[PDB]
Each structure stands twice: as C-alpha cells, then as structure tokens.
Amino acid sequence: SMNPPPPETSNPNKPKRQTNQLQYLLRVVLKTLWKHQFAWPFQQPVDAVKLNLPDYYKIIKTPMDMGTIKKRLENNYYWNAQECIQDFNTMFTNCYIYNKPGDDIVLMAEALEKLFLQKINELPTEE
Ligand SMILES: Cc1nnc2n1-c1ccc(Cl)cc1C(c1ccccc1)=NN2C
C-alpha cells in the first residue's frame, strides 16, 4: 500500500546522447501527449496512497509515467530512442494490466497511445 521510490531520472555514470530521434521524442512525441486533455493521470508517478490503490505496486513492478519520461528527456538520460519508446510502451501496458477494458483511465491511455503511434510512425531516420 506504500509508494515505492520513483523511477530513476539521473545516473551520472550512464552514458548519454542527444540524437535527432531523441530530440523528436521530446519536441514532438512528449509535447503532443503532455498537452492532451487526457494527459493529467500520466504526468507523474501513480500515488497509490492518495488514490487508494494499495495493490497497484503489488501488480505493477515496472512503473512508468510521462513525468519521469519528461525528466529523462530534458536531462538527457537516454542513449537511444528505443529506450524512450520502451518507457512510453511500459506506461501504457501498465495501465492496461492494472485496469479493465472500457474503464475511463483505459480510454484515456488508448487515446494517448493512438497519438503516440501516429507520431512514432514518422520517427526520423537517425542522422
Ligand atoms: C495512470 C493510472 N493508471 N491507473 C490509474 N491511473 C491513474 C493515475 C493518476 C490519477 Cl490522478 C488517476 C488515475 C486513474 C484515473 C481513473 C479515472 C479517471 C482518470 C484517472 N486510475 N488509476 C487506477
């Protein structure tokens, strides 16, 4: 029922890059989803205490959220675009694992994921 520490957003010994694909993930993908009317539940780690979800972190062992992703991108945490794409996919998957078809939060995830997929379809080739 307690909250875990949040995912890491800083690790000085992790090697870093800022590729054109990572810049697209910040400037296009994250910006698009962040501004959406359904972004709000996803803009920070799930607070299982305030939301009264005592089983959330019993079920979800790889938590992820756009607050974490935003910090990772803005603070250049990644080496490649795949790492960041995986974080978005983990975020959506967790929502579908914990919740049920047709739940409001699932409908919200589905809307954001559609936009995610439309943007990642036009990920630029790496330069
Ligand atoms: C993300 C996420 N995944 N499951 C949840 N959330 C969530 C997180 C934050 C916040 Cl603040 C809420 C939620 C919700 C939620 C339920 C209905 C309408 C809007 C949000 N549900 N829960 C259990």
# chains A, B, ... in the order shown; residues from 1 in each chain; ligands from 1
call {"tool": "residues_near_ligand", "arguments": {"ligand": "ligand 1", "cutoff": "9 Å", "atoms": "only C-alpha atoms and all ligand atoms", "output": "ChimeraX atom specification"}}
result
/A:38,40-48,50-53,56,64-65,91-92,94-96,98-99,103-109
call {"tool": "write_last_selection", "arguments": {"atoms": "C-alpha atoms", "output": "CSV table (one decimal), in the first residue's frame"}}
result
chain,number,residue,atom,x,y,z
A,38,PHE,CA,-6.2,13.1,-21.0
A,40,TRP,CA,-3.1,14.5,-16.4
A,41,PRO,CA,-3.2,11.0,-14.9
A,42,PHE,CA,0.1,10.2,-16.6
A,43,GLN,CA,2.0,13.3,-15.8
A,44,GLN,CA,3.5,11.9,-12.5
A,45,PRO,CA,4.1,8.5,-10.9
A,46,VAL,CA,1.0,6.8,-9.6
A,47,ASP,CA,0.4,7.9,-6.0
A,48,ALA,CA,-1.1,4.7,-4.7
A,50,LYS,CA,-3.6,9.3,-2.3
A,51,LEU,CA,-5.5,7.3,-4.9
A,52,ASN,CA,-6.3,4.4,-2.5
A,53,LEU,CA,-4.8,1.8,-4.8
A,56,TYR,CA,-1.1,-1.1,-7.5
A,64,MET,CA,6.5,4.5,-15.7
A,65,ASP,CA,4.8,7.8,-16.3
A,91,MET,CA,3.4,3.3,-19.2
A,92,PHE,CA,0.5,2.2,-21.5
A,94,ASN,CA,0.9,-0.9,-17.0
A,95,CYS,CA,-2.4,0.9,-17.3
A,96,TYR,CA,-4.0,-2.0,-19.3
A,98,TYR,CA,-3.9,-2.9,-13.7
A,99,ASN,CA,-7.3,-1.7,-15.1
A,103,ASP,CA,-12.5,2.0,-17.8
A,104,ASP,CA,-12.1,5.8,-18.1
A,105,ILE,CA,-8.4,5.5,-17.5
A,106,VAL,CA,-8.0,2.9,-20.2
A,107,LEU,CA,-10.0,5.0,-22.7
A,108,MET,CA,-7.5,7.8,-21.8
A,109,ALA,CA,-4.5,5.6,-22.3
call {"tool": "select_by_dssp", "arguments": {"residues": "chain A", "states": "helix (DSSP H, G or I)", "output": "PyMOL selection string"}}
result
chain A and resi 20-34+40-42+56-59+66-74+81-98+104-120
call {"tool": "atom_distance", "arguments": {"atom1": "atom CA of residue A:123", "atom2": "atom CA of residue A:37"}}
result
23.4 Å
call {"tool": "residues_around", "arguments": {"residues": "residue A:77", "least_positions_apart": "4", "cutoff": "7 Å", "atoms": "only C-alpha atoms", "output": "list in words"}}
result
residues 9, 10, 16, 72 and 73 of chain A
call {"tool": "write_last_selection", "arguments": {"atoms": "N, CA and C atoms", "output": "mmCIF file, in the first residue's frame"}}
result
data_model
loop_
_atom_site.group_PDB
_atom_site.id
_atom_site.type_symbol
_atom_site.label_atom_id
_atom_site.label_comp_id
_atom_site.auth_asym_id
_atom_site.auth_seq_id
_atom_site.Cartn_x
_atom_site.Cartn_y
_atom_site.Cartn_z
ATOM 1 N N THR A 9 15.732 9.159 -12.771
ATOM 2 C CA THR A 9 15.849 10.149 -13.852
ATOM 3 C C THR A 9 17.255 10.750 -14.011
ATOM 4 N N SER A 10 18.168 10.331 -13.136
ATOM 5 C CA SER A 10 19.549 10.815 -13.087
ATOM 6 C C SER A 10 20.450 9.632 -12.763
ATOM 7 N N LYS A 16 25.365 8.885 -22.152
ATOM 8 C CA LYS A 16 24.241 9.684 -22.686
ATOM 9 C C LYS A 16 24.482 10.132 -24.098
ATOM 10 N N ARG A 72 13.593 12.493 -17.950
ATOM 11 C CA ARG A 72 14.613 11.718 -18.681
ATOM 12 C C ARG A 72 15.015 12.406 -19.988
ATOM 13 N N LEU A 73 14.049 12.919 -20.739
ATOM 14 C CA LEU A 73 14.378 13.584 -21.994
ATOM 15 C C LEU A 73 15.053 14.922 -21.760
#
call {"tool": "atom_distance", "arguments": {"atom1": "atom CA of residue A:15", "atom2": "atom CA of residue A:76"}}
result
9.7 Å
call {"tool": "closest_residue", "arguments": {"among": "A:66, A:117, A:59, A:111", "to": "residue A:31", "atoms": "only C-alpha atoms"}}
result
A:66
call {"tool": "closest_residue", "arguments": {"among": "A:69, A:25, A:60, A:39", "to": "residue A:8", "atoms": "only C-alpha atoms"}}
result
A:69
call {"tool": "closest_residue", "arguments": {"among": "A:100, A:93, A:78, A:3", "to": "residue A:58", "atoms": "only C-alpha atoms"}}
result
A:3
call {"tool": "atom_distance", "arguments": {"atom1": "atom CA of residue A:6", "atom2": "atom CA of residue A:118"}}
result
28.4 Å
call {"tool": "residues_around", "arguments": {"residues": "residue A:19", "least_positions_apart": "6", "cutoff": "9 Å", "atoms": "only C-alpha atoms", "output": "VMD selection string"}}
result
chain A and resid 79 to 81 126 to 127
call {"tool": "write_last_selection", "arguments": {"atoms": "N, CA, C and O atoms", "output": "PDB file, in the first residue's frame"}}
result
ATOM      1  N   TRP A  79      20.485   6.890 -24.028  1.00  0.00           N
ATOM      2  CA  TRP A  79      21.424   6.665 -25.125  1.00  0.00           C
ATOM      3  C   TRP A  79      20.724   6.605 -26.479  1.00  0.00           C
ATOM      4  O   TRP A  79      21.249   7.090 -27.457  1.00  0.00           O
ATOM      5  N   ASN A  80      19.546   5.993 -26.553  1.00  0.00           N
ATOM      6  CA  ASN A  80      18.869   5.844 -27.837  1.00  0.00           C
ATOM      7  C   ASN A  80      17.360   6.010 -27.726  1.00  0.00           C
ATOM      8  O   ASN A  80      16.805   6.020 -26.621  1.00  0.00           O
ATOM      9  N   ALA A  81      16.713   6.155 -28.875  1.00  0.00           N
ATOM     10  CA  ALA A  81      15.275   6.354 -28.938  1.00  0.00           C
ATOM     11  C   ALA A  81      14.512   5.140 -28.444  1.00  0.00           C
ATOM     12  O   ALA A  81      13.464   5.291 -27.848  1.00  0.00           O
ATOM     13  N   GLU A 126      17.842   8.071 -38.163  1.00  0.00           N
ATOM     14  CA  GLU A 126      18.919   8.636 -37.367  1.00  0.00           C
ATOM     15  C   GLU A 126      19.992   9.282 -38.245  1.00  0.00           C
ATOM     16  O   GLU A 126      20.465   8.682 -39.214  1.00  0.00           O
ATOM     17  N   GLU A 127      20.344  10.519 -37.903  1.00  0.00           N
ATOM     18  CA  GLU A 127      21.424  11.256 -38.533  1.00  0.00           C
ATOM     19  C   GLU A 127      22.500  11.441 -37.472  1.00  0.00           C
ATOM     20  O   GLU A 127      23.677  11.596 -37.792  1.00  0.00           O
TER      21      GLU A 127
END
